[PDB]
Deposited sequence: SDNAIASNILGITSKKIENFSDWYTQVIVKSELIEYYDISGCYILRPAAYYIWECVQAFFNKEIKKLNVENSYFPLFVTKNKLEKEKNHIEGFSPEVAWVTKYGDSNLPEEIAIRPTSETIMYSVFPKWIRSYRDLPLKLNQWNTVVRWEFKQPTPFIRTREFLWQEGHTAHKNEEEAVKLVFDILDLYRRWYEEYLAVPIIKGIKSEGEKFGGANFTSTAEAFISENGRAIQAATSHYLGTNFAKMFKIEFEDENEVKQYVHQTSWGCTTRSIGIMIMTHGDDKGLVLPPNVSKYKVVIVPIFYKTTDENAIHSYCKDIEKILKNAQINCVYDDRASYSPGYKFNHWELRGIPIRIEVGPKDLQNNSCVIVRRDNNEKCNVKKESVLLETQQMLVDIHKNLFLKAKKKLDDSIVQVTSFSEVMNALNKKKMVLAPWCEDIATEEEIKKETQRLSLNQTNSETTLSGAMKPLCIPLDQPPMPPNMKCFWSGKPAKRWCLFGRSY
C-alpha cells in the first residue's frame, strides 16, 4: 500500500501519473524544468520501437544519417523562433556568431540537399535521423508527453513528383499505426490536420491521434507531412528531369517521439502501477518463490531456477527474485509496479503437484500450469496479454467519440471527457473562434479548456446533402474530430 500507487487513476490522474512513472523506475526528475531522465526501463522501450521502425523504413530504402545539433541564423532564416534555444558563449567568451539548437532539422538538412540532388538520377533521396531536439517552450511540461528536450526520429525524403511523395507520406503513417499497435498496444486515428494546425511549410499534415479517456484529452501520436515543393523553393532544391527541365523536388518529413511511451503508460497503466506490453518489457516473467516456513528452500530454489532455464533457453528473458530479506507479497507489488507482464509463483503446494501459478499483470487472472506446459502457456499468454491490452484500449477509444451536428451538443460531450465528430466548413478563421468559446464555457486540471480541431479522419462518414457546419452554418465539407488535448 504505502510502497504502491496511492492516487487512483480516475480520481487524481496527474498525481497517479507522476507516481507511476517514478515508482516504476521509468523517469527521474532533474533540476532543469521540462527535462527528464529516461531510466533503463524507459529507454528499453525506445530501443524496442527503434529496432522495429528501423527494420520497416529499411524496406522503403530510407537510410539513417546524423546532422549537426546546431544551425546558423542564415540557414534558419530561409524558413518556432520563440522556442529556439541559442548558444552565445563558450566558457566566458562570446561566440563570434550565435548558433541555434535544432528544434527540427529541415533547415539544417535541406541546406545541403541541393549539392546531393542535381538530376532525376539522384532521386528519390530518403534519410532518417534518430536524435534529440529542443523546443524551449514555457507551457507546463509533462514527462514523456510535453518536454523541452525529447528523443525522436525525423525522416526526410525528396521525390521527382507529388504522387511518389504522397504515397510515402501514407506508408510512413501506417508504420506509425503499427509502431503504436504492435509494440505499444495503443490504437490511433488517422487523419489530416486542419489548416490552422498543420506544420509550417507543409502542403498537408497527416497525423495519428490518440486519446486518453481517463482525463478526456487527445494527444497527437505521430505526424507525416507532405511538404510539396514549399521547402524546395526556400532552399533551391532543383533537379534536371528526364526532359532536361529544371523541377523542384517534392518532399516529405515525418516524426514520432518518446511521447509514444507516455501515451502507452497513460493508456494501459492501472492503480497497481505500470502495465507493459510484452514486446517492450525487458523481463517477460518474474518468478517469485513462496516458502511458507517450509525450511526446504533448496527444493523451491532448485525448481524456480529450472523454470528460469526453460524460459531463457527459449529466449524469453525473465528474472528469479530470490532476495532473502523480502516477503512474497513485497515481491508481487515490486514487479507489478514495474509492469512485468507475467508473474510465476512457486510454493510448496505447487512443488508437490509439479505445477506453478501463472499470474497475468493485465487482469490479474491466475491459473495453475504443469511444469512441462509452462513454456507453451507462457508464450501464448504473452500474446494474449497484448491482444487484450489493445482491444480494451480500442473499445475505450471508440467509446470516446460522440457524433454531433450542432454546437449545442458540444460542451456536454467535452464535460463527459469525450471527443466530438462534427460537420465542419474547415475555414481556418473558425478554429480560433471554436477554441475561444469552448474555453470560455469550460468551468472545472491545469491544462487548457479549449477544444481544438484534432484531425479530419481519413475514414469519413457520408456527408448528408444539406448538412451545415456545426459552427458557422455554412455548408459542411467533411467530418472533423475536435477535443481538448495535450
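J.: So which bits of the deposited chain never got modelled?
T.: Unmodelled stretches, in sequence order: 1-7, 87-92, 458-462.
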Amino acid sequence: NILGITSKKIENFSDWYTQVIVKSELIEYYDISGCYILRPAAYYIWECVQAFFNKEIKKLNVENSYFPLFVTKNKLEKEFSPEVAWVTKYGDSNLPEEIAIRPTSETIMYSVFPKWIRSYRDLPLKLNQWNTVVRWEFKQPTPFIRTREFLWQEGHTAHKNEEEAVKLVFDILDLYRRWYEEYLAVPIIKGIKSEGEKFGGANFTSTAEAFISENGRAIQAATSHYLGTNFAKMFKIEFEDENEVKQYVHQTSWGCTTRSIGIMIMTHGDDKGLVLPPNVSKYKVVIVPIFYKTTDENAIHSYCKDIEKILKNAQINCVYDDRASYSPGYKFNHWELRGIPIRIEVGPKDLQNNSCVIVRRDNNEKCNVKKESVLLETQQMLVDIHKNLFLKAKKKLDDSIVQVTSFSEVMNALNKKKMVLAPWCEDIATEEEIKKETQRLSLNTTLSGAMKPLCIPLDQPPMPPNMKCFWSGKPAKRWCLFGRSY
From here on, numbers count along this sequence of modelled residues.
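We call the rigid core the largest set of C-alpha positions that still match within 1.5 Å between the two forms.
J.: With everything overlaid on the rigid core, name the stretch, 263-271 or 107-115, whose CA atoms wander farther on average in 9 other deposited structures of this protein.
T.: Between 263-271 and 107-115, the one lying farther away in 9 other deposited structures of this protein is 107-115.
J.: Taking the root mean square of C-alpha distances over all structures and residues in 9 other deposited structures of this protein, with a rigid core superposition, name the larger of 153-161 and 348-356.
T.: When 153-161 and 348-356 are compared in 9 other deposited structures of this protein, 348-356 lies farther out.
J.: Between us, would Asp241 come up missing in a third or more of the other compared entries?
T.: Looking at the other entries that model residues on either side of it, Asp241 is present in every one.
J.: Within the set of other compared PDB entries, does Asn313 lack a model in a third or more?
T.: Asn313: modelled in every other compared entry.
J.: Could you settle it for me: does 208-216 or 344-352 have the higher average Cα B factor in the PDB entry?
T.: So the stretch with the higher mean C-alpha B-factor is 344-352.
J.: For the stretches 286-294 and 324-332, which has the higher mean C-alpha B-factor as given in the deposited record?
T.: According to the entry, 286-294 carries the higher average C-alpha B-factor.
J.: Name the one of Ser81, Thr142, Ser260, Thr223 with the greatest CA B-factor according to the PDB entry.
T.: Comparing C-alpha B-factors across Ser81, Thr142, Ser260, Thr223, the top value belongs to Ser81.
J.: Which listed residue, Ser65, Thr445, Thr430, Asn54, has the largest C-alpha temperature factor in the record?
T.: Among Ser65, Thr445, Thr430, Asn54, the PDB entry lists the largest C-alpha B-factor for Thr445.
J.: Taking only the Cα B-factors deposited for this chain, tell me whether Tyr120 sits in the lowest, middle or highest third.
T.: Answer is middle: the recorded C-alpha B-factor places it there.
J.: For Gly228, does the deposited CA B-factor place it in the lowest, middle or highest third of the chain?
T.: Within its chain, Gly228 is a middle-third residue by C-alpha B-factor, going by the deposited values.
J.: Looking at the temperature factor on the CA atom of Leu375, which third of the chain's modelled residues does it land in?
T.: It falls in the top third of the chain.
J.: Ordered by C-alpha B-factor within the chain, which third holds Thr18? Give me lowest, middle or highest, please.
T.: Its C-alpha B-factor belongs to the middle third of this chain's values.
J.: Per the entry's values, where does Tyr303 land by CA temperature factor relative to the rest of its chain, in the lowest, middle or highest third?
T.: Highest third of the chain for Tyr303's C-alpha B-factor.
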